[PDB]
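Read the structure below first, then the notes.
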Amino acid sequence: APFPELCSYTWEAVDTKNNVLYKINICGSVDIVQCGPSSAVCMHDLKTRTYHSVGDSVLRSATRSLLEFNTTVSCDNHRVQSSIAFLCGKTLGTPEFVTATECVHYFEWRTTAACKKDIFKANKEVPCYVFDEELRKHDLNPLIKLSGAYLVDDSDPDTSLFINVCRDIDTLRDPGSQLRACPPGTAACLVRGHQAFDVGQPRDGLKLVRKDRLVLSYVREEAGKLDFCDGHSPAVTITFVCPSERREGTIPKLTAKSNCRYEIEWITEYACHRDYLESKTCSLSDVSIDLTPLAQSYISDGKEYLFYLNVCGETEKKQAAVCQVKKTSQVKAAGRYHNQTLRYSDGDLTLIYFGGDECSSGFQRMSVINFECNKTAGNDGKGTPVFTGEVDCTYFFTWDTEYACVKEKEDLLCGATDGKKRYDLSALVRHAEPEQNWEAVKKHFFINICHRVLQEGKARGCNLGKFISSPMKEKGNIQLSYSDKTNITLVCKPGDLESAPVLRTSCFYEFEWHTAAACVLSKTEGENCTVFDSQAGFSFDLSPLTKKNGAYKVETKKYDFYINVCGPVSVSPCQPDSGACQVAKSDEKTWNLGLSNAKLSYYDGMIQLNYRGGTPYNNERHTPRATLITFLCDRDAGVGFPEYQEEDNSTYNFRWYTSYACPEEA
Ligand SMILES: *[C@@H]1O[C@H](CO)[C@@H](O[C@@H]2O[C@H](CO)[C@@H](O[C@@H]3O[C@H](CO)[C@@H](O)[C@H](O[C@H]4O[C@H](CO)[C@@H](O)[C@H](O)[C@@H]4O)[C@@H]3O)[C@H](O)[C@H]2NC(C)=O)[C@H](O)[C@H]1NC(C)=O
């Protein structure tokens with residue numbers, strides 16, 4: 001019951017309505033001063049910064065699915081208590097708030113840790129959620145792959161980085177996969193043809209670094225063999241960002257990869273806040289869910305009792321959704337419609353019946369149903385409740401049914417891949433522009449790509465214009481299925497972004513478009529601070545960012561870095577030829593992080609600068625320092641500021657979000 005895979009972390013659940021945050025530690029105690037020592041569940045209040053412990057680590061007991069943390073302080077009932085109802089899950093999960101009184105506090109937790117067979121357990125998994133400062137919940141548990149991995153986008157054809165989110169990669173029951181050669185325990189697998197190396201393992205949980213960005217770090221450390229990483233400990237730092245109209249969705253992209261210190265930006269909807277829904281219904285609402293189909297008697301074998309459940313209706317003393325009968329025939333109501341509560345809470349469907357007859361103790365009976373998704377449940381889809389424990393006369397049940405399976409995506413990307421080949425239509429996108437729409441040859445056929453129509457001649461602000469689903473690689477081309485329908489075929493025409501879609505076919509519609517946007521993406525280089533993508537139509541030019549008497553200053557804990565774009569830096573201690581320079585804030589000792597130059601690299605929306613001159617290190621290898629600046633497209637960032645990436649002591653990577661990297665330039 002004190003499952004190991006959950007110990008050594010302090011978890012968090014939130015009473016979204018009463019404005020309360022609970023900290024849970026199922027093995028030790030919360031590290032906090034303010035709710036004393038050996039508090040296993042520490043309640044605290046956002047109104048009234050008042051931190052009251054509501055479960056002690058020593059006073060711990062289990063009964064069936066429930067783990068119980070009792071206290072000695074009194075409430076009256078009599079003493080304050082916290083329970084967690086455990087269900088087997090597909091990932092490590094997070095405890096969710098169910099309900100509380102002034103005595104009891106109830107949580108539920110779907111986790112692999114409560115599964116009895118160890119096949120469902122990852123070699124190593126870490127918490128995969130954060131709370132922001134509005135207590136809104138960012139949870140990446142849906143991105144976690146139980147089998148396989150995600151290929152990270154990179155320009156190099158000979159090597160591929162594969163990652164999983166918050167756990168290692170499961171290579172099993174897929175022997176044909178190229179991942180098979182990857183050593184076990186790896187969250188981040190580098191393959192070079194036929195070798196497979198471990199460049200990162202799960203360590204700590206998801207962090208929130210600067211109000212909005214989720215950061216996860218894989219490390220290796222205890223391995224040794226810096227084969228081709230020349231002295232550096234391999235590492236992977238993923239940065240998860242919530243899509244905008246400043247920055248729309250992407251696949252995971254490799255923004256840096258020197259010295260086996262890999263950096264990954266990944267813009268995906270699963271990074272945005274999770275909404276906590278509620279109602280006094282059997283229906284909720286991102287997307288809908290309806291539990292009225294199950295009102296169809298349901299019964300569950302209890303301790304020495306039977307439970308009778310009629311959820312959502314009476315099926316025809318009464319007014320009692322759940323009734324308890326001792327197997328002797330005296331009966332008690334365990335919950336009624338006088339307040340029933342249906343919660344969808346970060347993927348968890350939970351139903352409480354708050355009525356109930358008062359028991360011999362001071363408690364008024366209560367019933368909690370945790371619905372689980374099962375398409376092939378039984379009772380042709382409706383399934384059947386299972387009694388899973390009782391505490392202070394609250395009775396818990398778990399209920400597989402197909403009518404709990406409502407798990408909708410819509411992280412629609414405007415690209416497509418085919419092995420390592422990637423395609424991206426972002427150049428066609430016209431977004432609330434001074435630009436017009438596209439017009440092929442309403443009123444006139446007006447088209448936009450992975451975006452609503454613009455009101456330039458005005459069509460229909462959302463005749464029928466669809467505008468959902470991601471594009472796919474059809475018969476040698478890219479197909480875009482606009483669904484209510486319009487099928488758009490886009491054909492690679494190197495160099496041409498100027499031309500428009502065409503006629504072809506009049507409730508079905510078909511357009512054909514020859515565009516450089518339909519060409520496979522590839523890496524290009526340029527000089528004089530410009531880079532020309534010839535298969536696409538255009539060039540990027542970062543020269544406006546070039547300072548004349550340089551210095552973009554970048555302050556960290558111990559260092560100030562001074563860098564310029566495509567020209568040298570010019571401040572007090574630095575050598576006048578470096579494009580990047582490190583000054584220690586206590587000592588003013590200075591390192592040269594590489595000579596400036598104006599050769600731009602460009603691949604799939606990332607522009608790169610590499611300074612390579614650089615003060616040597618203290619070793620036989622002659623190894624001079626180097627600097628990487630990755631420029632990333634942020635439409636409304638403007639010129640933007642550089643940002644140092646924390647790595648080891650000998651890697652100098654900067655990220656720079658700027659409009660000048662976005663597909664509006666020369
Ligand atoms: C970045 O800018 C610098 C200037 O500060 C530049 O050095 C210059 O390089 C070019 C080409 O290497 C030199 O020659 C030409 O200047 C004339 C102006 O009359 C242009 O017509 C030229 O265009 C052609 O240049 C080459 C000449 O054969 C061709 O190979 C090329 O394909 C073009 O068709 C070019 O601009 C120029 O004289 C120097 N400047 C000095 C002072 O020596 C540097 O080369 C630029 N980087 C580039 C262009 O990639």
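One is the number of the first residue shown, and numbering goes on along the chain from there.
We read in the header that X-ray crystallography, 2.5 Å was used to get this structure.
In case you wondered, yes, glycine gets a Cβ from its N, Cα and C as well.
The disulfide entry in Swiss-Prot for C373 points, among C359, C393, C405, to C405. Swiss-Prot records a disulfide bond between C166 and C128, which is the match among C115, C128, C189. Among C88, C103, the one Swiss-Prot lists as the disulfide partner of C75 is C103.
For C272, the disulfide partner named by Swiss-Prot among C242, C260, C282 is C242.
Closest in space to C272 (disulfide bond), of the disulfide-bonded residues given as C128, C359, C492, is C128, taking the CA atom of each residue. Closest to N649 (N-linked glycosylation site) by Cα-Cα distance, out of the disulfide-bonded residues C7, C312, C393, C566, is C566.
Ligand 1 lies within reach of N528 from the recorded positions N70, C166, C242, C450, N528, judged by a C-beta closer than 6 angstroms to any of its atoms. Listed disulfide-bonded residues: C103, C566, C581. The one with the lowest count of other Cβ atoms within 10 Å of its Cβ is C103. DSSP labels the residues of the domain 'MRH 2' (126-274) in these numbers: 13 helix, 51 strand, 85 coil. The two recorded residues, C242 (disulfide bond) and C393 (disulfide bond), show a Cα separation of 42 Å.
Within the set of disulfide-bonded residues (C27, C242), the lowest number of other Cβ atoms found within 10 Å of a Cβ is recorded at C27. Spanning 4 unmodelled residues, the distance from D76 to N77 taken between Cα atoms equals 5 Å.
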